[PDB]
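Protein chains in written order, with the deposited numbering: chain E, 5 to 175; chain G, 30 to 171; chain B, 1 to 205; chain N, 61 to 118. Some notes on the structure that comes next.
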Amino acid sequence: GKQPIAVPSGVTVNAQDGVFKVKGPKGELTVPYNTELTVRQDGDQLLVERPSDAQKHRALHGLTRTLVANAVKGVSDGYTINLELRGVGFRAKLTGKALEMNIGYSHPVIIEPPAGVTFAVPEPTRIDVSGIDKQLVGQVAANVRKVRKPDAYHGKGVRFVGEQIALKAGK
Amino acid sequence: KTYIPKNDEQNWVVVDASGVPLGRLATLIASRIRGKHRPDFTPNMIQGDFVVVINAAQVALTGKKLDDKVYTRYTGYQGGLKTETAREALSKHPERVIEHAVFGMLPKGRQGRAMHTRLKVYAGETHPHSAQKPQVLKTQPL
Amino acid sequence: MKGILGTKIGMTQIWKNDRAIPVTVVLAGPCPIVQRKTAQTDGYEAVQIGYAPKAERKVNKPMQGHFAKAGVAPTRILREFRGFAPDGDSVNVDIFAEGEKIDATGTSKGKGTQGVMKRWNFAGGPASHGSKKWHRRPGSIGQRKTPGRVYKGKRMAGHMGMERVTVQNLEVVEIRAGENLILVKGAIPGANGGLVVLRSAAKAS
Amino acid sequence: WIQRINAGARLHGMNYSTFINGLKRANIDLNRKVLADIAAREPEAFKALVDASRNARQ
RNA sequence: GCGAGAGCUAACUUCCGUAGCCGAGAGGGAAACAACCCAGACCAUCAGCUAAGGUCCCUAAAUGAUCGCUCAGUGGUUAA
RNA sequence: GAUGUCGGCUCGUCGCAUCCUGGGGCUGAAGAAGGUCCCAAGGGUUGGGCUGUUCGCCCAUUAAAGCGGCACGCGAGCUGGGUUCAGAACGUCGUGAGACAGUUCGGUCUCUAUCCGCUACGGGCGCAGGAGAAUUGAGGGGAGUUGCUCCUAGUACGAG
RNA sequence: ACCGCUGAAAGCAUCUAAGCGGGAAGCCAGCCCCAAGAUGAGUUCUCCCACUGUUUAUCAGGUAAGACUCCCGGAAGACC
Ligand SMILES: [Mg+2]
Ligand SMILES: [Mg+2]
Ligand SMILES: [Mg+2]
Ligand SMILES: [Mg+2]
Ligand SMILES: [Mg+2]
Ligand SMILES: [Mg+2]
Ligand SMILES: [Mg+2]
Ligand SMILES: [Mg+2]
Ligand SMILES: [Mg+2]
Ligand SMILES: [Mg+2]
Ligand SMILES: [Mg+2]
Ligand SMILES: [Mg+2]
Ligand SMILES: [Mg+2]
Ligand SMILES: [Mg+2]
Ligand SMILES: [Mg+2]
Ligand SMILES: [Mg+2]
Ligand SMILES: [Mg+2]
Ligand SMILES: [Mg+2]
Ligand SMILES: [Mg+2]
Ligand SMILES: [Mg+2]
Ligand SMILES: [Mg+2]
Ligand SMILES: [Mg+2]
Ligand SMILES: [Mg+2]
Ligand SMILES: [Mg+2]
Ligand SMILES: [Mg+2]
Ligand SMILES: [Mg+2]
Ligand SMILES: [Mg+2]
Ligand SMILES: [Mg+2]
């Protein structure tokens with residue numbers, strides 16, 4: 005179970021209705037929470053208790069809380085994911101906003117970023133997917149990775165900067 | 030010696046299906062149509078009230094009833110069994126969901142088919158029947 | 001979108017570059033506009049043009065009224081085309097470009113009533129191995145007592161022909177506008193002097 | 061008869077069954093043929109029987 | 001159904017014991033349905049109560065009450 | 001007081017316990033070629049030699065040459081080779097007349113569809129006046145198969 | 001089928017318990033054909049118009065717009 009909510013000063017969680025919104029210094033965000041769970045700020049910090057202490061209530065509990073938390077760190081520190089390209093001469097670039105994946109498919113894979121998200125390429129073999137919401141960045145860098153899952157024989161593909169891909173060794 | 034009346038009335042009433050469970054609304058409607066609720070009630074005549082339905086598209090369905098409730102048509106040719114989900118039916122042509130349930134809950138001989146007539150489904154907020162100035166009926170157990 | 005009307009004149013041999021193309025000669029004579037159907041007028045988007053000319057002495061009072069309202073002069077034939085405009089009236093000039101792929105509809109030559117061979121491509125029967133008047137017949141038409149019936153749609157003898165047929169992706173070989181002629185590769189359904197509608201492709205290719 | 065009776069019963073906010081125990085309670089002893097005909101033909105009177113019966117129910 | 005043999009503790013199976021029904025039994029119920037459940041029809045009635053079985057609409061009768069259960073359409077057919 | 005019986009032919013259509021083809025987990029999966037399992041029934045599933053064959057073996061191909069149901073589908077649709085009438089013969093049994101689910105040669109398969117069902121085509125009336133034309137598409141039917149080569153690229157992979 | 005995003009119950013983890021995305025020759029749509037007897041019989045353009053008859057003759061007659069019959073044919077077709 006989980007309770008405390010360290011909400012820095014740049015937040016404004018208008019807990020009105022079941023639409024317990026947050027507005028922030030990186031851009032305003034909206035987030036649906038159960039109505040029958042009841043959540044609000046009772047001091048410097050914030051809190052989400054609950055009615056019954058059955059099972060289901062204990063389920064939409066932690067869910068709901070970790071979600072407001074994500075929204076909080078969201079408009080606050082902002083979210084960002086790191087990715088490594090790896091394998092015999094793979095590489096990526098930028099087309100206005102588009103990502104330029106050259107992952108050894110006869111014909112390359114561009115990727116358009118949904119709004120609220122921004123692509124980044126430092127060295128041409130490392131990619132950063134950054135922005136407001138955490139869920140979406142998750143839900144997109146997902147795509148970027150799945151463009152080529154690290155194979156089981158030589159770790160070639162897209163991975164998380166410090167991922168320990170296991171290598172099966174062939175012949 | 031028992032009372033046989035005379036079909037004088039043509040009584041018209043508007044039901045809003047918005048947010049209502051389908052079967053139950055189907056019972057209110059079916060019944061208003063068949064005639065029961067009418068102290069005089071006479072079976073071999075049709076005495077039911079005309080029923081306009083609005084907002085069919087917002088009909089309630091007890092989960093996970095959309096993705097699981099299946100309607101089935103058969104065409105006469107082999108492989109004719111054509112099926113479609115509640116959600117599908119409801120987006121393509123909602124009026125046919127309501128019609129289908131209510132029609133299930135009328136009789137099936139000459140008279141019943143004849144009763145289908147006095148049903149008039151429309152999805153959404155409006156209808157074209159304001160000339161019949163129908164009287165509104167609330168969804169209730171009563 | 002694009003479309004027009006005309007008559008199938010015949011088939012012939014021509015050469016583009018060095019290969020012998022078979023070509024069907026179509027006359028898509030000019031079509032007057034007659035009626036323009038829109039959403040608030042008819043519910044749906046379309047235009048009704050007309051093809052073959054017709055003398056007043058053969059034209060219904062109501063038909064005359066029709067044509068006269070758009071002041072067009074009268075035609076033995078009207079047809080609609082979904083999603084179409086320009087202004088004035090419609091000749092195959094511009095409406096088609098040489099090289100463009102088009103869809104040709106007509107009415108297949110009718111054959112009357114035809115056995116299962118000619119009509120459906122049945123196998124027929126042993127012309128000789130003791131076959132007893134079962135040389136052309138369609139064999140069996142069902143199972144047995146399950147399901148004691150005959151399938152709906154079961155192919156059998158019948159009126160073959162006189163049907164509407166659309167051939168897709170015919171290639172505009174030549175265009176002699178101002179003779180209103182399109183030279184079209186390949187073959188269009190229906191007989192010489194028959195009506196054909198020519199259309200843009202249905203498909204992107 | 062029963063159909064009609066139920067109908068009239070429910071016009072005035074009463075189920076039939078509750079209406080009939082209501083009548084037996086107040087020892088009104090009417091044929092349902094007759095109850096039907098009251099219900100169909102004479103509004104106020106059927107009404108009165110209703111009030112008597114829901115009283116017998118109280 | 002209960003009691004056994006035969007049978008594969010198979011058969012809308014076969015052969016006996018025993019009760020009931022059908023046979024020669026209409027009426028209500030079990031959708032339909034000799035046998036199961038209720039129940040034995042002298043005739044007339046536009047009269048009342050009940051049995052099995054039922055009371056959301058087709059379909060007579062509580063969309064009854066109160067304390068729970070299941071969320072799987074389980075309900076609406078099987079096992080290690 | 002008759003529900004014609006093997007096989008073929010012809011005509012289909014269904015199940016999925018999937019022969020191919022599509023998607024996917026695992027692999028004792030390097031690549032390529034596989035094995036197995038899960039999802040999948042849209043379409044496709046060749047021609048011959050021998051036998052009455054079903055089957056099965058063989059020739060030659062193929063993406064594959066799937067397994068079953070439909071009265072072991074289909075004789076008022078055809079065949080009539082198998083089997084089960086009368087003839088004749090062999091072997092065998094029987095003293096005999098005769099016999100055998102042994103073999104062998106021979107041996108009549110019924111011009112008219114009444115109703116349902118089916119494919120086509122009209123007549124009637126209906127659709128709140130009588131007419132000529134042009135049409136929306138509720139709904140329904142057809143269609144739905146695959147190889148090979150080439151580029152990518154002699155690249156990823158691989159000691160090769 | 002399977003692959004994942006965020007994610008509690010269960011401080012970890014988890015594709016799910018609320019939610020979200022990717023995913024087949026299959027499903028629905030798109031292709032071609034029929035289609036308002038779709039008796040729920042639909043829409044649009046146009047033409048004719050408001051006739052005559054002592055209800056002893058309250059339903060017909062002559063008509064308009066328009067068709068049919070008949071003739072000669074047809075790339076339509078058994079007949080239609
Ligand atoms: Mg012809
Ligand atoms: Mg032949
Ligand atoms: Mg049948
Ligand atoms: Mg027995
Ligand atoms: Mg009995
Ligand atoms: Mg009985
Ligand atoms: Mg019964
Ligand atoms: Mg029995
Ligand atoms: Mg009881
Ligand atoms: Mg009732
Ligand atoms: Mg007989
Ligand atoms: Mg017989
Ligand atoms: Mg036999
Ligand atoms: Mg198949
Ligand atoms: Mg058998
Ligand atoms: Mg057979
Ligand atoms: Mg037969
Ligand atoms: Mg023979
Ligand atoms: Mg001897
Ligand atoms: Mg006949
Ligand atoms: Mg349709
Ligand atoms: Mg129909
Ligand atoms: Mg089909
Ligand atoms: Mg090369
Ligand atoms: Mg080499
Ligand atoms: Mg998708
Ligand atoms: Mg005629
Ligand atoms: Mg003639």
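Beta carbons are placed, not taken as given, at the ideal position from N, Cα and C, and that holds for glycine.
Secondary structure, beta strand (DSSP E): runs of 3+ residues fully inside the region 151–186 of chain B: 158–160, 164–176, 181–185
Heavy atom of ligand 1 within 8 Å of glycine 186 of chain B beta-carbon: no
9 Å Cβ cutoff, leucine 171 of chain G in contact with chain N: yes
Environment of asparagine 87 of chain N [buried if 16+ CB atoms lie within 10 Å]: exposed
For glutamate 45 of chain B and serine 159 of chain G, the rounded distance between their alpha carbons: 30 Å
Contact set between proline 136 of chain G and chain N, taken where Cβ atoms lie within less than 7 Å: The contacting residues do not exist; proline 136 of chain G stays about 14 Å from chain N at best.
Reference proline 154 of chain E, options E/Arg163, E/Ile131, E/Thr34, E/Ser56, closest by Cα: E/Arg163
For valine 82 of chain G and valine 150 of chain G, believed in contact at Cβ under 8 Å, the rounded distance: 4 Å
Residues, ordered as in the chain, of the region 76–106 of chain N that lie near chain G by beta-carbon distance below 9 Å: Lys93, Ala96, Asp97, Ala99, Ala100, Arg101, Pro103, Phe106
As assigned by DSSP and simplified to three states, the class of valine 125 of chain E: coil
Coil, strand or helix - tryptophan 15 of chain B by DSSP: strand
Alpha-carbon spacing of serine 134 of chain E relative to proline 123 of chain G, whole angstroms: 43 Å
Where the beta strand (DSSP E) containing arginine 82 of chain B begins and where it ends: 78–82
Segment limits, alpha helix (DSSP H) that includes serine 13 of chain E: Taken as a continuous stretch (DSSP letters only), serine 13 of chain E belongs to no alpha helix (DSSP H), as it is neither H nor E.
Alpha carbon of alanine 10 of chain E to alpha carbon of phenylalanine 123 of chain E, nearest angstrom: 29 Å
Backbone CA spacing between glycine 161 of chain B and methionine 117 of chain B [nearest angstrom]: 14 Å
Rounded distance between the beta-carbons of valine 144 of chain E and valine 121 of chain E, thought under 8 Å: 6 Å
Neighbour flag for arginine 53 of chain G against chain N, beta carbons, 9 Å: no
is_contact[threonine 168 of chain G, chain N] using C-beta, thresh 9 Å: no
Minimum Cβ-Cβ distance from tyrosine 106 of chain G to chain B less than 9 Å: yes
Distance cut-off 8 Å: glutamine 63 of chain N Cβ against heavy atoms of ligand 10: yes
7 Å Cβ cut-off: residues of chain N touching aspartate 69 of chain G: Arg64, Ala100
Exposure label - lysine 69 of chain B; buried when at least 16 CB within 10 Å: exposed
Beta-carbon spacing of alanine 85 of chain G, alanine 115 of chain G below 9 Å: no
DSSP state of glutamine 35 of chain B mapped onto helix, strand, coil: strand
Short Cβ contact (9 Å threshold) for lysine 101 of chain E with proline 128 of chain E: no
Test: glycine 148 of chain B CB closer than 9 Å to a CB of chain G: no
Within-9 Å CB hit, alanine 112 of chain N to chain G: no
Contact under 9 Å by Cβ, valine 126 of chain G with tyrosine 103 of chain G: no
Cross-chain neighbours of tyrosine 51 of chain B in chain G, by beta carbon under 8 Å: Result: empty, since nearest Cβ-Cβ is about 37 Å, beyond 8 Å.
Short Cβ contact (9 Å threshold) for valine 196 of chain B with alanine 104 of chain B: yes
4-residue-minimum alpha helix (DSSP H) runs that sit fully inside the region 71–152 of chain G, ordered along the chain: 94–97, 115–121, 124–133, 139–145
Chain N residues whose Cβ lies nearer than 8 Å to that of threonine 31 of chain G: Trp61, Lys93, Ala96, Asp97
Chain-ordered residues of the region 57–91 of chain G with a beta carbon less than 7 Å from chain N: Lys65, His66, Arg67, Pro68, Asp69, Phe70
Through-space distance from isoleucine 131 of chain E to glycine 93 of chain E, alpha-carbon basis: 15 Å
Exposure label - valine 94 of chain N; buried when at least 16 CB within 10 Å: exposed
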